[PDB]
Amino acid sequence: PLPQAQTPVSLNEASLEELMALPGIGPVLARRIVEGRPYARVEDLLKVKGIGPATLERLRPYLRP
Ligand SMILES: [Cl-]
């Protein structure tokens, strides 16, 4: 349950657990997201292995750099 008080979630500053609260993001993807930092824009998430456009499409409303 991703609480409202934690959104939008920062791709650059969130902890692993916070990223794992995002729909479709498990421990493996959360780890790759941290390892891929920094992100200049949310669309840079496409550099992370496993995050396809359909995945990203669902996450856009909840993310910020
Ligand atoms: Cl952005």
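- By the method listed in its record, X-ray crystallography, this PDB entry was determined to a resolution of 1.75 Å.

- As annotated in the PDB entry, the chain carries the name Competence protein ComEA-related protein and is attributed to Thermus thermophilus.

**With respect to the pattern of salt bridges**
Part 1: Enumeration according to the criterion identifies four salt bridges in this entry.
Part 2: With a shortest N-O distance of 3.1 Å, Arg-31 and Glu-35 are connected by a salt bridge. Of this pair, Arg-31 and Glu-35 both sit in helix α2 (residues 27–35), four residues apart, which is roughly one turn of that helix.
Part 3: On the basis of relative accessible area, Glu-35 is assigned to the exposed category, the value being 54%.
Part 4: One salt bridge in this structure joins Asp-44 and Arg-41, with 2.8 Å as the shortest N-O distance.
Part 5: What makes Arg-41 exposed here is its relative accessible area of 52%.

**Looking at α2**
Part 1: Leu-29, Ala-30 and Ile-33 are the residues of α2 that are buried. Projected down its long axis, α2 carries its buried residues within an arc of 100°, all on one side.
Part 2: Its buried side turned inward, α2 meets α1 (16–19).

**Focus on the packing of aromatic side chains**
Part 1: Per the counting criterion, the structure on display carries zero aromatic pairs.
Part 2: Just above the ring of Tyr-39 sits the side chain of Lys-47; from NZ or CZ to the centre is 5.0 Å.

**Let's talk about the UniProt feature "domain: Helix-hairpin-helix DNA-binding motif class" (unreviewed entry) in the chain**
Part 1: With numbering matched to this structure, UniProt assigns "domain: Helix-hairpin-helix DNA-binding motif class" (unreviewed entry) to residues 17–36 and 43–62.
Part 2: Counting secondary structure, residues 43–62 comes out at 35% helix and 0% strand; the distance between its end C-alpha atoms is 13 Å.

The rules behind the values
- Residues numbered from 1 in each chain as written, not as in the entry; some residues may be left out.
- Heavy atoms only, no water.
- Residues with missing side-chain atoms left out of burial classes, pairs and counts.
- Salt bridge = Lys/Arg side-chain N within 4 Å of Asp/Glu carboxyl O.
- Helix = DSSP H or I, 4+ residues; strand = E, 2+ residues; numbered from the N terminus.
- Buried < 20%, exposed > 50% of the residue type's maximum accessible area, 1.4 Å probe, protein only.
- Arc of directions from axis to C-beta.
- Contact = heavy atoms within 4.5 Å.
- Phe/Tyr/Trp six-rings, centres within 6.5 Å; stacked < 30°, edge-to-face > 60°.
- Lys NZ or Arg CZ within 6 Å of the ring centre and 35° of its normal.
- UniProt positions renumbered as here; feature names shortened; annotations may be inferred.

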